[PDB]
>>> print(open('coords_0.pdb').read())   # PDB, C-alpha atoms
MODEL        1
ATOM      1  CA  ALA O   1       0.000   0.000   0.000
ATOM      2  CA  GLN O   2       1.074   3.639   0.084
ATOM      3  CA  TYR O   3       0.597   3.852   3.847
ATOM      4  CA  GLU O   4       1.944   0.686   5.525
ATOM      5  CA  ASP O   5       1.774  -0.330   9.154
ATOM      6  CA  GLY O   6       5.387  -0.236  10.395
ATOM      7  CA  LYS O   7       6.254   2.389   7.793
ATOM      8  CA  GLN O   8       4.747   5.857   8.383
ATOM      9  CA  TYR O   9       3.092   4.617  11.528
ATOM     10  CA  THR O  10       2.947   1.639  13.878
ATOM     11  CA  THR O  11      -0.068  -0.053  15.410
ATOM     12  CA  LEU O  12      -0.440  -0.399  19.158
ATOM     13  CA  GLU O  13      -0.588  -4.013  20.332
ATOM     14  CA  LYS O  14      -2.909  -2.894  23.052
ATOM     15  CA  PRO O  15      -5.333  -0.191  21.869
ATOM     16  CA  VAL O  16      -6.383   2.525  24.267
ATOM     17  CA  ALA O  17     -10.154   2.848  24.492
ATOM     18  CA  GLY O  18     -11.710   6.292  24.950
ATOM     19  CA  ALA O  19      -8.440   8.002  24.017
ATOM     20  CA  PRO O  20      -8.345  11.518  22.550
ATOM     21  CA  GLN O  21      -8.684  11.593  18.775
ATOM     22  CA  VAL O  22      -5.291  13.168  18.099
ATOM     23  CA  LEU O  23      -2.917  12.966  21.059
ATOM     24  CA  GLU O  24       0.549  14.555  21.064
ATOM     25  CA  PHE O  25       3.246  14.193  23.752
ATOM     26  CA  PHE O  26       6.236  16.472  24.215
ATOM     27  CA  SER O  27       8.792  17.752  26.713
ATOM     28  CA  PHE O  28      10.318  21.220  26.889
ATOM     29  CA  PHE O  29      13.635  19.323  27.349
ATOM     30  CA  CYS O  30      13.175  17.427  24.083
ATOM     31  CA  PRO O  31      15.344  18.646  21.162
ATOM     32  CA  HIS O  32      13.163  17.258  18.336
ATOM     33  CA  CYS O  33      10.179  18.713  20.209
ATOM     34  CA  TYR O  34      11.706  22.191  19.970
ATOM     35  CA  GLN O  35      12.069  21.607  16.216
ATOM     36  CA  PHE O  36       8.490  20.295  15.952
ATOM     37  CA  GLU O  37       7.207  23.453  17.578
ATOM     38  CA  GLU O  38       9.332  26.369  16.369
ATOM     39  CA  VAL O  39      10.739  25.187  13.007
ATOM     40  CA  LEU O  40       8.182  22.674  11.688
ATOM     41  CA  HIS O  41       4.950  23.805  13.397
ATOM     42  CA  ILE O  42       3.709  20.182  13.281
ATOM     43  CA  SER O  43       0.746  20.636  15.607
ATOM     44  CA  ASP O  44      -0.525  23.483  13.563
ATOM     45  CA  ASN O  45      -0.107  21.847  10.177
ATOM     46  CA  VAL O  46      -1.832  18.692  11.406
ATOM     47  CA  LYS O  47      -4.753  20.822  12.586
ATOM     48  CA  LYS O  48      -5.053  22.501   9.180
ATOM     49  CA  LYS O  49      -5.574  19.124   7.516
ATOM     50  CA  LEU O  50      -7.778  17.435  10.114
ATOM     51  CA  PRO O  51     -11.488  16.967   9.258
ATOM     52  CA  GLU O  52     -14.202  18.933  11.005
ATOM     53  CA  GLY O  53     -15.210  17.622  14.433
ATOM     54  CA  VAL O  54     -11.807  16.290  15.519
ATOM     55  CA  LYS O  55     -10.162  17.703  18.634
ATOM     56  CA  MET O  56      -6.458  17.996  19.238
ATOM     57  CA  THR O  57      -4.726  17.253  22.542
ATOM     58  CA  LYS O  58      -1.150  17.999  23.661
ATOM     59  CA  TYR O  59       0.472  16.736  26.859
ATOM     60  CA  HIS O  60       3.835  17.276  28.618
ATOM     61  CA  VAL O  61       5.805  14.325  30.051
ATOM     62  CA  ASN O  62       7.790  13.779  33.270
ATOM     63  CA  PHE O  63      10.532  11.428  32.112
ATOM     64  CA  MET O  64      12.932  14.128  30.925
ATOM     65  CA  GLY O  65      14.692  16.661  33.117
ATOM     66  CA  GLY O  66      13.978  15.154  36.535
ATOM     67  CA  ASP O  67      12.511  17.575  39.064
ATOM     68  CA  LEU O  68      12.215  20.409  36.554
ATOM     69  CA  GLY O  69      10.564  18.033  34.138
ATOM     70  CA  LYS O  70       7.760  17.494  36.624
ATOM     71  CA  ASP O  71       7.455  21.210  37.330
ATOM     72  CA  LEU O  72       7.072  21.720  33.608
ATOM     73  CA  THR O  73       4.271  19.128  33.463
ATOM     74  CA  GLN O  74       2.433  20.977  36.253
ATOM     75  CA  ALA O  75       3.106  24.321  34.473
ATOM     76  CA  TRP O  76       1.733  22.893  31.258
ATOM     77  CA  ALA O  77      -1.392  21.932  33.266
ATOM     78  CA  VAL O  78      -1.587  25.585  34.433
ATOM     79  CA  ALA O  79      -1.266  26.722  30.815
ATOM     80  CA  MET O  80      -4.086  24.352  29.714
ATOM     81  CA  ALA O  81      -6.328  25.412  32.585
ATOM     82  CA  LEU O  82      -5.823  29.135  31.797
ATOM     83  CA  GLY O  83      -5.859  28.642  28.033
ATOM     84  CA  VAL O  84      -2.490  30.292  27.529
ATOM     85  CA  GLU O  85      -0.614  27.553  25.656
ATOM     86  CA  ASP O  86       0.043  29.784  22.682
ATOM     87  CA  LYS O  87       1.687  32.450  24.829
ATOM     88  CA  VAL O  88       4.078  30.332  26.885
ATOM     89  CA  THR O  89       5.106  27.495  24.587
ATOM     90  CA  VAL O  90       7.794  29.402  22.747
ATOM     91  CA  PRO O  91       9.379  31.151  25.799
ATOM     92  CA  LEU O  92       9.394  27.865  27.698
ATOM     93  CA  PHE O  93      11.194  26.045  24.904
ATOM     94  CA  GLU O  94      13.668  28.895  24.497
ATOM     95  CA  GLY O  95      14.176  29.276  28.256
ATOM     96  CA  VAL O  96      14.941  25.571  28.690
ATOM     97  CA  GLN O  97      16.942  24.878  25.499
ATOM     98  CA  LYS O  98      18.112  28.181  23.932
ATOM     99  CA  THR O  99      18.978  30.675  26.682
ATOM    100  CA  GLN O 100      18.938  28.116  29.500
ATOM    101  CA  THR O 101      17.457  30.669  31.850
ATOM    102  CA  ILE O 102      14.925  28.189  33.250
ATOM    103  CA  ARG O 103      16.397  26.387  36.246
ATOM    104  CA  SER O 104      13.680  26.404  38.875
ATOM    105  CA  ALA O 105       9.925  26.545  39.247
ATOM    106  CA  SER O 106      10.296  30.284  39.908
ATOM    107  CA  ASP O 107      11.941  30.732  36.514
ATOM    108  CA  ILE O 108       9.066  28.861  34.875
ATOM    109  CA  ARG O 109       6.672  31.186  36.679
ATOM    110  CA  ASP O 110       8.615  34.248  35.369
ATOM    111  CA  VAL O 111       7.802  33.187  31.778
ATOM    112  CA  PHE O 112       4.057  33.264  32.529
ATOM    113  CA  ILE O 113       4.424  36.641  34.279
ATOM    114  CA  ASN O 114       6.298  38.069  31.327
ATOM    115  CA  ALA O 115       3.632  36.617  29.024
ATOM    116  CA  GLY O 116       1.144  38.651  31.049
ATOM    117  CA  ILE O 117      -0.512  36.120  33.331
ATOM    118  CA  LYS O 118      -0.980  37.629  36.774
ATOM    119  CA  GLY O 119       1.188  36.305  39.596
ATOM    120  CA  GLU O 120      -1.954  35.916  41.576
ATOM    121  CA  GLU O 121      -3.638  34.032  38.762
ATOM    122  CA  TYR O 122      -0.677  31.754  38.198
ATOM    123  CA  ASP O 123      -0.143  30.788  41.841
ATOM    124  CA  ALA O 124      -3.818  30.066  42.426
ATOM    125  CA  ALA O 125      -3.885  27.771  39.351
ATOM    126  CA  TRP O 126      -0.545  26.097  40.225
ATOM    127  CA  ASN O 127      -2.015  25.079  43.595
ATOM    128  CA  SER O 128      -5.550  24.275  42.312
ATOM    129  CA  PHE O 129      -7.039  20.774  42.299
ATOM    130  CA  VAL O 130      -8.234  21.375  38.758
ATOM    131  CA  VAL O 131      -4.534  21.538  37.833
ATOM    132  CA  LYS O 132      -3.845  18.457  40.009
ATOM    133  CA  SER O 133      -6.324  16.407  37.940
ATOM    134  CA  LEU O 134      -4.964  17.939  34.750
ATOM    135  CA  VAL O 135      -1.480  16.666  35.768
ATOM    136  CA  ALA O 136      -3.098  13.258  36.489
ATOM    137  CA  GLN O 137      -4.615  13.211  33.000
ATOM    138  CA  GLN O 138      -1.250  13.889  31.368
ATOM    139  CA  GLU O 139       0.361  11.121  33.372
ATOM    140  CA  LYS O 140      -2.441   8.615  32.779
ATOM    141  CA  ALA O 141      -2.489   9.256  29.014
ATOM    142  CA  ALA O 142       1.297   8.674  28.850
ATOM    143  CA  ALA O 143       0.940   5.655  31.142
ATOM    144  CA  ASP O 144      -1.722   4.177  28.803
ATOM    145  CA  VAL O 145       0.710   3.837  25.824
ATOM    146  CA  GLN O 146       3.996   2.776  27.437
ATOM    147  CA  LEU O 147       5.455   6.086  26.426
ATOM    148  CA  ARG O 148       9.248   6.116  26.631
ATOM    149  CA  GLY O 149       9.953   8.736  23.997
ATOM    150  CA  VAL O 150       8.933  12.105  22.610
ATOM    151  CA  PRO O 151       7.799  13.732  20.396
ATOM    152  CA  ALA O 152       4.990  11.214  19.957
ATOM    153  CA  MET O 153       1.615  11.383  18.310
ATOM    154  CA  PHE O 154      -1.210   8.837  18.636
ATOM    155  CA  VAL O 155      -4.417   8.696  16.613
ATOM    156  CA  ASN O 156      -7.581   7.295  18.258
ATOM    157  CA  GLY O 157      -5.602   5.343  20.828
ATOM    158  CA  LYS O 158      -4.571   2.890  18.138
ATOM    159  CA  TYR O 159      -1.950   4.315  15.790
ATOM    160  CA  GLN O 160       1.408   5.907  16.555
ATOM    161  CA  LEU O 161       3.139   8.223  14.065
ATOM    162  CA  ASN O 162       6.517   7.046  12.827
ATOM    163  CA  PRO O 163       8.555  10.086  11.601
ATOM    164  CA  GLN O 164      11.724   7.983  11.181
ATOM    165  CA  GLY O 165      10.057   6.509   8.101
ATOM    166  CA  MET O 166       9.571   9.790   6.162
ATOM    167  CA  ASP O 167      12.029  11.823   3.995
ATOM    168  CA  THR O 168      13.768  14.683   5.860
ATOM    169  CA  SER O 169      15.743  16.267   2.985
ATOM    170  CA  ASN O 170      13.061  18.957   2.784
ATOM    171  CA  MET O 171      11.438  20.231   5.967
ATOM    172  CA  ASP O 172       8.167  21.242   4.290
ATOM    173  CA  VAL O 173       7.692  17.923   2.510
ATOM    174  CA  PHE O 174       8.307  16.171   5.829
ATOM    175  CA  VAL O 175       5.632  18.222   7.612
ATOM    176  CA  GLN O 176       3.011  17.580   4.910
ATOM    177  CA  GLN O 177       3.735  13.850   4.864
ATOM    178  CA  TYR O 178       3.360  13.852   8.627
ATOM    179  CA  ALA O 179       0.060  15.745   8.563
ATOM    180  CA  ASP O 180      -1.307  13.773   5.600
ATOM    181  CA  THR O 181      -0.486  10.629   7.535
ATOM    182  CA  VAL O 182      -2.418  11.890  10.564
ATOM    183  CA  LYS O 183      -5.381  12.621   8.230
ATOM    184  CA  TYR O 184      -5.191   9.156   6.636
ATOM    185  CA  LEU O 185      -5.106   7.507  10.084
ATOM    186  CA  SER O 186      -7.927   9.736  11.273
ATOM    187  CA  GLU O 187     -10.231   8.586   8.445
ATOM    188  CA  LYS O 188      -9.225   4.957   8.987
TER     189      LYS O 188
ENDMDL
END
>>> encode(input="coords_0.pdb", output="structure tokens")
Amino acid sequence: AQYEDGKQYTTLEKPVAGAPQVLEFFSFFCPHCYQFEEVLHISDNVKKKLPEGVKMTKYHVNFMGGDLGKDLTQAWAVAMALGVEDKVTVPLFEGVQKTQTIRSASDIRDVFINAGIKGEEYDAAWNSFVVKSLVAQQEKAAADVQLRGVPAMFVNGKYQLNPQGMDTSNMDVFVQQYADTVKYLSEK
């Protein structure tokens, strides 16, 4: 076929019922994740090709960067709860990997402050049980698919994107193949 199991994607041995339609995992410590976000804009190009009615989910993971890694998962929960993903994603990536000015939870907090979220608003969220359960959701979703690496994308709890099996000589052609594959899997 043109799209082959084990080629542009893999199938999960143990499918995850009730899973989000399109589910993406990343870490602010993850070098290909930085690329996916700032250079390739994967999430956004996938969204542009997805049918109508399909929702897109993105979760942070704990297994990179130890204690800070976990702080970043809680901070990503804060971002989701406040709806400010699009204002903190870039400065978090840059703060962790480019300038390396993020070294503590307080430095993560500074990014939200500078992005205009109120200190008050941030700290209340950070400590909120809504954010607790939002952290739980991120962990459970990652726990459900034996996730040991990022970036990762899963479609309908059954298919996992396989970017290793796509041409990378051109960055734009790679992105479209990726997105087209998500669309194919979505319609499957």
>>> residues_around(input="coords_0.pdb", residues="range 79-85 of chain O", least_positions_apart="5", cutoff="12 Å", atoms="only C-alpha atoms", output="VMD selection string")
chain O and resid 37 57 to 60 72 to 74 90 to 93 108 to 109 111 to 113 115 to 118 121 to 135 137 to 138
>>> closest_residue(input="coords_0.pdb", among="O:182, O:153, O:75, O:88", to="residue 141 in chain O", atoms="only C-alpha atoms")
O:153
>>> atom_distance(input="coords_0.pdb", atom1="CA of residue 164 in chain O", atom2="CA of residue 68 in chain O")
28.3 Å
>>> closest_residue(input="coords_0.pdb", among="O:180, O:104, O:89, O:167", to="residue 38 in chain O", atoms="all atoms listed in the file")
O:89
>>> closest_residue(input="coords_0.pdb", among="O:8, O:27, O:146, O:62", to="residue 185 in chain O", atoms="all atoms listed in the file")
O:8
>>> resolve_selection(input="coords_0.pdb", expression="the PyMOL selection byres ((chain O and resi 63) around 12)", output="PDB file with C-alpha atoms, in the frame of the given file")
ATOM      1  CA  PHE O  25       3.246  14.193  23.752  1.00  0.00           C
ATOM      2  CA  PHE O  26       6.236  16.472  24.215  1.00  0.00           C
ATOM      3  CA  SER O  27       8.792  17.752  26.713  1.00  0.00           C
ATOM      4  CA  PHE O  28      10.318  21.220  26.889  1.00  0.00           C
ATOM      5  CA  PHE O  29      13.635  19.323  27.349  1.00  0.00           C
ATOM      6  CA  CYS O  30      13.175  17.427  24.083  1.00  0.00           C
ATOM      7  CA  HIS O  60       3.835  17.276  28.618  1.00  0.00           C
ATOM      8  CA  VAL O  61       5.805  14.325  30.051  1.00  0.00           C
ATOM      9  CA  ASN O  62       7.790  13.779  33.270  1.00  0.00           C
ATOM     10  CA  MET O  64      12.932  14.128  30.925  1.00  0.00           C
ATOM     11  CA  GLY O  65      14.692  16.661  33.117  1.00  0.00           C
ATOM     12  CA  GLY O  66      13.978  15.154  36.535  1.00  0.00           C
ATOM     13  CA  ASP O  67      12.511  17.575  39.064  1.00  0.00           C
ATOM     14  CA  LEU O  68      12.215  20.409  36.554  1.00  0.00           C
ATOM     15  CA  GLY O  69      10.564  18.033  34.138  1.00  0.00           C
ATOM     16  CA  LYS O  70       7.760  17.494  36.624  1.00  0.00           C
ATOM     17  CA  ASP O  71       7.455  21.210  37.330  1.00  0.00           C
ATOM     18  CA  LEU O  72       7.072  21.720  33.608  1.00  0.00           C
ATOM     19  CA  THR O  73       4.271  19.128  33.463  1.00  0.00           C
ATOM     20  CA  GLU O 139       0.361  11.121  33.372  1.00  0.00           C
ATOM     21  CA  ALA O 142       1.297   8.674  28.850  1.00  0.00           C
ATOM     22  CA  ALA O 143       0.940   5.655  31.142  1.00  0.00           C
ATOM     23  CA  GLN O 146       3.996   2.776  27.437  1.00  0.00           C
ATOM     24  CA  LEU O 147       5.455   6.086  26.426  1.00  0.00           C
ATOM     25  CA  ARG O 148       9.248   6.116  26.631  1.00  0.00           C
ATOM     26  CA  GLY O 149       9.953   8.736  23.997  1.00  0.00           C
ATOM     27  CA  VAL O 150       8.933  12.105  22.610  1.00  0.00           C
TER      28      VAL O 150
END
>>> residues_around(input="coords_0.pdb", residues="residue 18 in chain O", least_positions_apart="2", cutoff="9 Å", atoms="all atoms listed in the file", output="PyMOL selection string")
chain O and resi 16+20-21+156-157
>>> write_last_selection(input="coords_0.pdb", atoms="C-alpha atoms", output="tab-separated table (two decimals), keeping the file's coordinate frame")
chain	number	residue	atom	x	y	z
O	16	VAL	CA	-6.38	2.52	24.27
O	20	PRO	CA	-8.35	11.52	22.55
O	21	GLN	CA	-8.68	11.59	18.77
O	156	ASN	CA	-7.58	7.30	18.26
O	157	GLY	CA	-5.60	5.34	20.83
>>> atom_distance(input="coords_0.pdb", atom1="CA of residue 87 in chain O", atom2="CA of residue 162 in chain O")
28.5 Å
>>> closest_residue(input="coords_0.pdb", among="O:188, O:32, O:14, O:7", to="residue 155 in chain O", atoms="all atoms listed in the file")
O:188
>>> atom_distance(input="coords_0.pdb", atom1="CA of residue 24 in chain O", atom2="CA of residue 154 in chain O")
6.5 Å
>>> resolve_selection(input="coords_0.pdb", expression="the PyMOL selection byres ((chain O and resi 43-47) around 12)", output="ChimeraX atom specification")
/O:21-26,33-42,48-59,86,151-153,155,161,172-186
>>> resolve_selection(input="coords_0.pdb", expression="the PyMOL selection byres ((chain O and resi 13) around 10)", output="ChimeraX atom specification")
/O:10-12,14-16,145,158-159
>>> closest_residue(input="coords_0.pdb", among="O:160, O:105, O:166, O:99", to="residue 5 in chain O", atoms="all atoms listed in the file")
O:160
>>> build_atoms(input="coords_0.pdb", residues="range 50-74 of chain O", atoms="N, CA and C atoms", output="PDB file, in the coordinates of the input")
ATOM      1  N   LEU O  50      -6.788  18.284   9.452  1.00  0.00           N
ATOM      2  CA  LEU O  50      -7.778  17.435  10.114  1.00  0.00           C
ATOM      3  C   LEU O  50      -9.195  17.801   9.697  1.00  0.00           C
ATOM      4  N   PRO O  51     -10.071  16.779   9.573  1.00  0.00           N
ATOM      5  CA  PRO O  51     -11.488  16.967   9.258  1.00  0.00           C
ATOM      6  C   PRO O  51     -12.164  17.888  10.257  1.00  0.00           C
ATOM      7  N   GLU O  52     -13.438  18.166  10.034  1.00  0.00           N
ATOM      8  CA  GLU O  52     -14.202  18.933  11.005  1.00  0.00           C
ATOM      9  C   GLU O  52     -14.734  17.997  12.095  1.00  0.00           C
ATOM     10  N   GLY O  53     -14.705  18.445  13.347  1.00  0.00           N
ATOM     11  CA  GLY O  53     -15.210  17.622  14.433  1.00  0.00           C
ATOM     12  C   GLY O  53     -14.163  16.901  15.266  1.00  0.00           C
ATOM     13  N   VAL O  54     -12.906  16.982  14.841  1.00  0.00           N
ATOM     14  CA  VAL O  54     -11.807  16.290  15.519  1.00  0.00           C
ATOM     15  C   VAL O  54     -10.977  17.215  16.404  1.00  0.00           C
ATOM     16  N   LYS O  55     -10.892  16.872  17.689  1.00  0.00           N
ATOM     17  CA  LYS O  55     -10.162  17.703  18.634  1.00  0.00           C
ATOM     18  C   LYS O  55      -8.737  17.220  18.839  1.00  0.00           C
ATOM     19  N   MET O  56      -7.890  18.194  19.138  1.00  0.00           N
ATOM     20  CA  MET O  56      -6.458  17.996  19.238  1.00  0.00           C
ATOM     21  C   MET O  56      -5.943  18.198  20.662  1.00  0.00           C
ATOM     22  N   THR O  57      -5.237  17.197  21.178  1.00  0.00           N
ATOM     23  CA  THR O  57      -4.726  17.253  22.542  1.00  0.00           C
ATOM     24  C   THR O  57      -3.193  17.186  22.628  1.00  0.00           C
ATOM     25  N   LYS O  58      -2.601  18.039  23.455  1.00  0.00           N
ATOM     26  CA  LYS O  58      -1.150  17.999  23.661  1.00  0.00           C
ATOM     27  C   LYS O  58      -0.748  17.938  25.118  1.00  0.00           C
ATOM     28  N   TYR O  59       0.052  16.935  25.478  1.00  0.00           N
ATOM     29  CA  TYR O  59       0.472  16.736  26.859  1.00  0.00           C
ATOM     30  C   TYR O  59       1.990  16.747  27.063  1.00  0.00           C
ATOM     31  N   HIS O  60       2.426  17.288  28.201  1.00  0.00           N
ATOM     32  CA  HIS O  60       3.835  17.276  28.618  1.00  0.00           C
ATOM     33  C   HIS O  60       4.165  15.972  29.347  1.00  0.00           C
ATOM     34  N   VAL O  61       5.432  15.573  29.381  1.00  0.00           N
ATOM     35  CA  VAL O  61       5.805  14.325  30.051  1.00  0.00           C
ATOM     36  C   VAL O  61       6.849  14.544  31.141  1.00  0.00           C
ATOM     37  N   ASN O  62       6.891  13.638  32.121  1.00  0.00           N
ATOM     38  CA  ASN O  62       7.790  13.779  33.270  1.00  0.00           C
ATOM     39  C   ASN O  62       9.173  13.183  33.035  1.00  0.00           C
ATOM     40  N   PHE O  63       9.301  12.226  32.122  1.00  0.00           N
ATOM     41  CA  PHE O  63      10.532  11.428  32.112  1.00  0.00           C
ATOM     42  C   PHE O  63      11.783  12.131  31.558  1.00  0.00           C
ATOM     43  N   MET O  64      11.702  13.408  31.225  1.00  0.00           N
ATOM     44  CA  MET O  64      12.932  14.128  30.925  1.00  0.00           C
ATOM     45  C   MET O  64      13.112  15.284  31.898  1.00  0.00           C
ATOM     46  N   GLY O  65      14.341  15.486  32.336  1.00  0.00           N
ATOM     47  CA  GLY O  65      14.692  16.661  33.117  1.00  0.00           C
ATOM     48  C   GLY O  65      14.355  16.582  34.588  1.00  0.00           C
ATOM     49  N   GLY O  66      14.200  15.363  35.111  1.00  0.00           N
ATOM     50  CA  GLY O  66      13.978  15.154  36.535  1.00  0.00           C
ATOM     51  C   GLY O  66      12.970  16.068  37.214  1.00  0.00           C
ATOM     52  N   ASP O  67      13.415  16.746  38.267  1.00  0.00           N
ATOM     53  CA  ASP O  67      12.511  17.575  39.064  1.00  0.00           C
ATOM     54  C   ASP O  67      11.904  18.716  38.241  1.00  0.00           C
ATOM     55  N   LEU O  68      12.720  19.340  37.409  1.00  0.00           N
ATOM     56  CA  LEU O  68      12.215  20.409  36.554  1.00  0.00           C
ATOM     57  C   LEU O  68      11.227  19.892  35.526  1.00  0.00           C
ATOM     58  N   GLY O  69      11.468  18.676  35.056  1.00  0.00           N
ATOM     59  CA  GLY O  69      10.564  18.033  34.138  1.00  0.00           C
ATOM     60  C   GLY O  69       9.167  17.948  34.695  1.00  0.00           C
ATOM     61  N   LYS O  70       9.058  17.588  35.963  1.00  0.00           N
ATOM     62  CA  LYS O  70       7.760  17.494  36.624  1.00  0.00           C
ATOM     63  C   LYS O  70       7.129  18.850  36.859  1.00  0.00           C
ATOM     64  N   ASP O  71       7.943  19.843  37.208  1.00  0.00           N
ATOM     65  CA  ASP O  71       7.455  21.210  37.330  1.00  0.00           C
ATOM     66  C   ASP O  71       6.886  21.673  36.020  1.00  0.00           C
ATOM     67  N   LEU O  72       7.541  21.296  34.924  1.00  0.00           N
ATOM     68  CA  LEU O  72       7.072  21.720  33.608  1.00  0.00           C
ATOM     69  C   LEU O  72       5.750  21.036  33.250  1.00  0.00           C
ATOM     70  N   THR O  73       5.561  19.791  33.679  1.00  0.00           N
ATOM     71  CA  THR O  73       4.271  19.128  33.463  1.00  0.00           C
ATOM     72  C   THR O  73       3.162  19.835  34.249  1.00  0.00           C
ATOM     73  N   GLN O  74       3.420  20.181  35.504  1.00  0.00           N
ATOM     74  CA  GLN O  74       2.433  20.977  36.253  1.00  0.00           C
ATOM     75  C   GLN O  74       2.178  22.360  35.608  1.00  0.00           C
TER      76      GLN O  74
END
